[PDB]
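# Observations on the three-dimensional arrangement
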Amino acid sequence: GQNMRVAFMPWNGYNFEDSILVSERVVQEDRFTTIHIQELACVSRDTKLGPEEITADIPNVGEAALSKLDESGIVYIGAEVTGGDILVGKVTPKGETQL
Amino acid sequence: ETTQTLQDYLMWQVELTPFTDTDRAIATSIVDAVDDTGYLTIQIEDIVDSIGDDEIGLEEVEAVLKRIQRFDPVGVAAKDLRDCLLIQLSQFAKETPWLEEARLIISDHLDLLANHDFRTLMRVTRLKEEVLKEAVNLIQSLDXXXXXXXXXXXXXXXXXXXXXXXXXXXXXXXXXXXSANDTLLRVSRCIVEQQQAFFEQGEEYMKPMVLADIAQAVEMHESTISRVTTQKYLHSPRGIXXXXXXXXXXXXXXXXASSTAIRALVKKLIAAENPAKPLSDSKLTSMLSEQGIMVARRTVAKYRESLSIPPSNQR
Amino acid sequence: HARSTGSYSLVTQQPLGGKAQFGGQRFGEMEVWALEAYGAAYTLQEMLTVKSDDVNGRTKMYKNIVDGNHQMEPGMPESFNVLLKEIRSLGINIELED
Amino acid sequence: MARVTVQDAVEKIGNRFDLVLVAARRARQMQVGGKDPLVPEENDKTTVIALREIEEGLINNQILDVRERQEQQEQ
Amino acid sequence: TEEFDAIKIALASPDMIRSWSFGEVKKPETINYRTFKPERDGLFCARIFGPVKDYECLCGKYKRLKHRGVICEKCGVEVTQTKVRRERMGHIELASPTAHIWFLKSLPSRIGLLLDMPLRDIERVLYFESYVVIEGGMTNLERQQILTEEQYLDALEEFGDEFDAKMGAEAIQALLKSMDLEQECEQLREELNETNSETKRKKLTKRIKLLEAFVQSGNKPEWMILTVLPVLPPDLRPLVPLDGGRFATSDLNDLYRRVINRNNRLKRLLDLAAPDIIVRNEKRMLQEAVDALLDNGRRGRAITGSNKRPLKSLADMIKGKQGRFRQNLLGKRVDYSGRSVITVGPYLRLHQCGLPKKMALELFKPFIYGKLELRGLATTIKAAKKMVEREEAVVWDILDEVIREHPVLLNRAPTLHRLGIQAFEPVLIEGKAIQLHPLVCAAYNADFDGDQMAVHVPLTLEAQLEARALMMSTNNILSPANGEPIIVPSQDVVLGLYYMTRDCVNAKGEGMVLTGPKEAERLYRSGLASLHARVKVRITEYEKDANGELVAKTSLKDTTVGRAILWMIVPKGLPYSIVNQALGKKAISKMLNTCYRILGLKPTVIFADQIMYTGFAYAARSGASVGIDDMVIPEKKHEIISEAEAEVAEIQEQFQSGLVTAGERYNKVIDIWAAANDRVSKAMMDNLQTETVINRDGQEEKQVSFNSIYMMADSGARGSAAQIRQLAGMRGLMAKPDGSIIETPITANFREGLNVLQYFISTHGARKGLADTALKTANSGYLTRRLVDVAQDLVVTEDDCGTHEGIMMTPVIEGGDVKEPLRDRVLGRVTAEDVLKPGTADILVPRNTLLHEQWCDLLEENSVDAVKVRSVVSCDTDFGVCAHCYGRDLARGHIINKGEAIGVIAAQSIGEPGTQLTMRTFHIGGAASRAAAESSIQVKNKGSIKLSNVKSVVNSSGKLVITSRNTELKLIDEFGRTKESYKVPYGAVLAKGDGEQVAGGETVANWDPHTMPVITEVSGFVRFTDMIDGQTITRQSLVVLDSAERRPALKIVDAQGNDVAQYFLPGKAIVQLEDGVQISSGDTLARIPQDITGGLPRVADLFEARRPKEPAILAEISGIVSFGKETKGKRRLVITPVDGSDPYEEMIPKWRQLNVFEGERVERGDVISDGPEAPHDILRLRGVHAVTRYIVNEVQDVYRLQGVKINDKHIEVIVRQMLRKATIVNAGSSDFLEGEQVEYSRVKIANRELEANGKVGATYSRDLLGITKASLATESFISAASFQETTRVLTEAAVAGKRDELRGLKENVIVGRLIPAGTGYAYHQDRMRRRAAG
DNA sequence: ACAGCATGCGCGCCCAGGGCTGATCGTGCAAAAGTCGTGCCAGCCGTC
DNA sequence: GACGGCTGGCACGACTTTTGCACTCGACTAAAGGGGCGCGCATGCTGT
């Protein structure tokens, strides 16, 4: 952890029961800012209709959503993904749609 | 993810737009004709005759259907597929580098001949350089238009069944996976291992297999042998297709392949052929007769032209 | 979390169990004892059925909120009739009297 | 005008249950429509306007009954 | 489609099933899988249940459904009700009437019993072979007999023609069809009068009540076997959760098509004239088929399936989960709540909460859609959404007007009482956390460690008013279980107001006059101190002394700057002397209390808010901190330690001499270190004086120190001197998980480091203390479920019923000092009859009134020791409480209104206290260990004493002892009210003679438990007795005899020259004298002695009415009890004598103590003691009043140990709920010797005295039990079992035909409706008058 | 003539033991259904 | 513009495969049917 200057006094009810007050300079100084790391994994399988392929085309998706995807459908290292965006797609076949 | 789809969500969208009486009735009469593609309203005369007269003319239902076509997944229902394209172009941007006009020229008419190739049509639309190619890029960037439902999160994996391994120039069964249960599985892992020994996938297709041979080997009933392989799918190192290597024929010839290599290699021989548009079934039957398969040319033409084959309509 | 309306489930037509997948938290019989301790009536009525286990009540109530009606359209939805049918399967009868 | 305590409006006819239902059916008229408030509006919702009409004594069960008889007689 | 008032369940008829729905299926053809189109006949398909989708059908006619009530071709036309799928079911037609499995018998099983014949016979003839003979006569055999294939062949051979026997139940339908119910019931009553057999009683009562149930129910018993069988809607069948569900794979579907198949086979074979064994095998296997339909069993294992499904089908699948469960009942999702962490802030007046803006936008999202579509900026709802996630600055401007006056609900995970949830007005705040108002840490009970909180949003319309009326916190300033003001200021407020009103001496400036006083302006201008001096100031003060007016005045008074500045906050006329003293938490709670009493609610809520503001403000500018120099080390403590061990080293030396054991040394050590703890504590209290002082010299204590520790501990804000004793001074003793205190305490404190042995031993206490919280919290939260389970059914009904008889209210106090006066007990409620002054003819109240502070002051300044008060129980009112006796309406005030729910606050109010007591009952004995020397019975305060329940015994000394079992002592306060009331030990030796009284001093009793009086009251030798072996082995001067294994009492010897009073048996006795030895009065003849309420597990025994170990017998009227009078050769102490008829006799098997030695003829109500009294004998003899004060006074005596207060109202309500299910002594209209309801008994007595007949119905005996059998005694079958089996409940309700009547809670909760409690209850009334209008 | 204790008998409860269902498992076969081959008929084209 | 040849589509027949009955066939579960043990109690011989 990190030690800081601590003052003992009730101030405007800001410290009530077990609560605590901190300054803005603590936020400005990056003090005890935390970093996290997660993982997402995609799986490719072989179904009864044959094997699965990966990206290189997608229906019903605009170009703005696929602009951040490199060829083969992998994201650029260092790109910023926010919310419901797409990382690495895939495809599963159907049949008898060509009549 | 256990969610409502199709006319449940679409009808739920219809209930939001206020419809006093008639707009709601004819609206519910429209929403039931939507298909998985979504742009098929079939015959409008059926929707008009289904009302059972009492006014409600065609002009009143036309604006209602046009209101159905404006829902969330852009183009909906309408007809001829040339309508929903106009709605896709109208609500897309409304400010474009001359894409709107040329979009109405291409979407209006002449699009039938412009899909295969441009050629002389490039002089018809007067466009030139990268304007026409960029417009075709826009047409390629449009869209089936709907099909936004589904929401198919999961795939139902085959999970294999029994397994095999190739040793020193030979493939043998192993039935790898996972006392009456151990022996019960040992029977299938046994007859399946001998069936994998007699049949090798080997090279190019598979050796013809007759249920009478596998039934004669262990003296097991062929009904029980092929009955289990029908539901279950044996998963080998390549492929998925267990009952396909069980049901066959005697090929009706001494010099030979079975229906598996007959139809398989028939479509393979028809794959590379017709330098332009030969579409000759008698020539393919002669090529099959040159290999000694004893083809009557009646079964080769009818059986070869089936299963997604373009024949004989390729002419 | 602070959900509002997410996707639902086919079984019992109830929202999903937990957050991120948008859970609908929990409402216990102890809080029922609290509202009953207040003598609360319409609030208990909406928390138990229309807002929780009622299917078409989300559509009618939702259309009442969008249009600004703010009316419950009182009555007994869903489980009462299903109970009439499940009991009616048995050889004993249920009626309606005043 | 915010109402901190409802007891002053309940003191008219004491129940503390009836104010919610009577003020509710009074809030149905101005809520849905086809009616006008008898008190000048502060731009606040009709929810408090109900309690303020109960506090002014202009609206009660008997008044809504007489107005109901007037609406039935005028129809 | 309309409100549900009530329904009785009746047995359906085949004509009723043909009435409800209609369908015909001759073939098991459902749907062709290559088509997916309606098909002819079949079930589970679209052929029945009307249209398949919306309203339409494929027939070729009747497609528009212009006609109804018939079938077309492949699609049922009849709807006649509504909906689409779930609509009218249809049915199938069986050829031979059959099936049910669990129809006649519910295991058990009333049918097959009512008819009169064993169940094995019917179960045997329905299956297998055996036939029932019918159309008998002309021979000795009867139709009640059963036959077998051999007896069938020999029967048709010998008996010949007119002999009919059938396999199916058609023979049972005819035999039951020929039964006459009225004449049979008359014969069962005529046989009921003659037969005295107890086993015959219950059977005849059951049969009679059954037959009657068929009489008034109107249901034919032959309807039990149904010909027409309806089928259920297919889609209502819940699909298996595993993998995907399929309607064709349904467990019952295979059974349905199986019954259809066996039905077609049955029709084909009956139309084919098949052999008898064949078609009869078809009938039996059809019976087994429907056996498989409804149940999985009772025929054996009938289960079928692909995976062999277990069968939780129709039997177990009704409303799912083996009963009525799914509706309500916990885990349903809330749909529009949220959760977040709470943060405190010095704003948000009492109704408001900080709501993060990110959380507010999603909850009010639909209102956002509505007002965006309303105010005119919008196109479509989806584009409105687009505006929602694009978050324009105008959207928040919309939301500001959205929230406004529409508050929100707050919920914790636990709710221990009503106030646990409250509503507040949201105020948008930047953050990820929710802000809550500081003033209440109590109702929520949780401080802020980062706990997570739930937020529920009701909408509706009237839910807004319901939120702003009975919920918002500003409406309830009081607790429903007490009436003492909640939301008492604390923490920084107490420190700020204590530092604010404080007085100072000799500072800069003084001796000046300020008006108003106007001094506050200076305080910010310095040149003055807020705590410096007292200065003449002119203050204006209002008052209410003039009725409806305010009398003012302005005076010159002395006060401190802070006090006069705080006087601005006083709202117009509170007295000035309340702020004229140093304000602690006490004076703060009294300030808000007197402010709420005098000025009401609205003044004291904003008053409390402003006291909060100035409290955190001046507490903010106070600037108090802690430090190492604040804690002082006593200089005499080093001596107190040195004095302690110097004594211990002496006592330990005694252990080297062998004169002192380990126990005496132990107690001496504990006493030495305890006295040392007291001495170092006083040295600490004297040390904390004169530390941080204002500038001054001399004086004495120099303006008592301003240091933080004395302000915190002395002011009572947060800490206290108890922990200061651990901070400064010694540590005292420690708690080892053994039960023996260590002899080497910790002599140090936190000023210096502790030794590894001190900190090592100090851990055992915490280790033994950490595991109690959750373990006791389990049961502490478990009792509330059962309390609500018993208490939920009571509701408010009437306004004032009126009555005369009631509960006599007299002040009672615990031992030693006075506990509660008559005020708190008589406060509120209702006073029955009149209460006279000490003078005659003068009445305090004309009839009755609700007692408030004024009338209580009239009772205080006058003398009344007995106040007649009404209550529950008494003033009994049909279907609930009269809502008069229950008044004083805690946490409010008014005459109590109608519609509230009673027992929900009574349950949560009793079960709300957490954990348990400090000690466990009397068994641990922590106050006194065994008996040191004597019990020390004496009085203290002035006034005369009056001996209650005493019996004089002649002694030679001037003092007279008492042999009575129970003895009380009365003291004089003013008119003779109880001051010190303590229980005198049984048979105490009085140092003061009887008939003599004295006020103060002069100890009147001496009691040691080595003795108990048996003495000769007259001089002369002991009565001659025989000494024989076998009676001398008894356990506590040779002993002679003992009445236990058989001190037997004999005639007293009145002379020393001749051998010639009555002695009670203690149960264990040893004779201390020899026969023929001279003894005198007042001298020892034989002297030697021989549940326990409190604790929560004992409270569960108080409500549950457990039976004690040693019961206490009670005495009735007449009888003769002296010295085992009328005692038989065996089983001593049995009372023979008639004594005025009433042959009262009690059987005591000679090993138990004797009732009394005197009194001769006694009466009902006399207390013979003999151990803890059982509530059954008290209710049977004393009455309902002694049971009421029994349970109430005991439970109160349990809760008074922790200082928590609970009013008697709730406990009395529970006692009233335990008085249900009482039995009648004599026959009524038609019934004998069974259980009944008190309400029905009272109504039938009202009909008894109503018109003509002298006696219809008779006296009854009240029964109690509780908490278990009373909860299962509910007369409503819908709420009867939420736990027990559903089948037997539906069978009892099916055959009996009892009405719902819907009075209760879980009734309208589980079935569902607007509940008949609260506002909704008024709704239920508001319709009835309309229904009464036409 | 009444009371005690010993004996005999009836019934409740726990333990042990057998027996249908369950776990499969088999599949023979006559026939019914699915599929492939095969011949026939109608539609399309070229040149005489 | 009429006709015969080519070819594709379709209905029918034959081949192959696989489903309801029909009689199996030997190594479990735990729930229910039977029996023994023990206990309660009623009857009666007897000693007081």
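Residues numbered from 1 in each chain as written, not as in the entry; some residues may be left out. Chains lettered and ligands numbered in written order. Part of a larger assembly, values for the part shown. Heavy atoms only, no water. Residues with missing side-chain atoms left out of burial classes, pairs and counts.

For this deposition, the record names cryo-EM as the technique by which the model was determined and cites 4.1 Å as its resolution.

### Digging into the overall build of chain B
Along its length, chain B carries 15 helices and two strands. By the compact-globule yardstick of 20 Å for 315 residues, chain B is too spread out, its C-alpha radius of gyration being 29 Å. Each principal axis of the C-alpha distribution contributes one length, and for chain B these read about 75 × 55 × 40 Å. (Helix = DSSP H or I, 4+ residues; strand = E, 2+ residues; numbered from the N terminus. Rg over C-alpha atoms; globule rule 2.2 N^0.38 Å.)

### Structural notes on the pattern of salt bridges
All names here are of chain E. One salt bridge connects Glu 860 with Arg 823, and the closest N-O pair in it is separated by 3.5 Å. With a gap of 37 residues between them, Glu 860 in helix 27 (residues 853-861) and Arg 823 in helix 26 (residues 822-826) connect regions that are remote in the sequence. A salt bridge links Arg 1180 to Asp 1177, with the shortest nitrogen-to-oxygen separation between them at 2.9 Å. Of this pair, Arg 1180 and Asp 1177 both sit in helix 30 (residues 1175-1182), three residues apart, roughly one helical turn. (Salt bridge = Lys/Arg side-chain N within 4 Å of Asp/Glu carboxyl O.)

### Examining the interface of chain E and chain C
Of the residues lining the interface, 88 residues belong to chain E; the matching set on chain C comes to 61 residues. In terms of residue count, helix 11 (residues 365-375) of chain E provides more of the side of chain E that touches chain C than any other element does, five residues in total. Partitioning the side of chain E that touches chain C into residue classes produces 50 nonpolar, 16 polar and 22 charged. (Contact = heavy atoms within 4.5 Å. Nonpolar A, V, L, I, M, F, W, Y, C, P; charged D, E, K, R; others polar.)

### Description of the packing of aromatic side chains
Aromatic pair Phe 364 of chain E and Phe 367 of chain E: ring centres 6.5 Å apart, planes at 35°, arrangement tilted. Ring pairing ties together the aromatic residues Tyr 9 and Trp 12 of chain B together with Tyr 62 of chain C, which thus form one cluster. Of note, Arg 58 of chain C hangs over the ring of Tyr 8 of chain C, and the distance from its end group to the ring centre comes to 4.7 Å. (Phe/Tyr/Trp six-rings, centres within 6.5 Å; stacked < 30°, edge-to-face > 60°. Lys NZ or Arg CZ within 6 Å of the ring centre and 35° of its normal.)

### As for the sheet that holds strand 3 (residues 131-134) of chain E
Residues and elements named next belong to chain E. Pairing in this open sheet of three strands is antiparallel, and the strands run 4-3-5 from one edge to the other. This sheet does not close on itself; its edge strands, each paired only once, are strand 4 (146-147) and strand 5 (164-166). Direction of pairing for strand 3 relative to strand 5: antiparallel, over a ladder of three bridges. In the sheet register, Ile 134 faces strand 5, and the bridge partner there is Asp 164. (Pairing = 2+ DSSP bridges.)

### Some words on the sheet that holds strand 14 (residues 514-515) of chain E
Strand pairing in a sheet is mediated by backbone hydrogen bonds. Such pairs are either parallel or antiparallel. Residue and element names in this part refer to chain E. Ordered by their spatial adjacency, three strands build an open sheet running 14-15-16, and the pairing between neighbours is mixed. The open sheet terminates on both sides in strands that have one partner only, identified here as strand 14 and strand 16 (554-557). The pairing of strand 15 (residues 537-540) with strand 16 spans four bridges and is classified as antiparallel. Counterpart to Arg 538 in the pairing with strand 16 is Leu 556.

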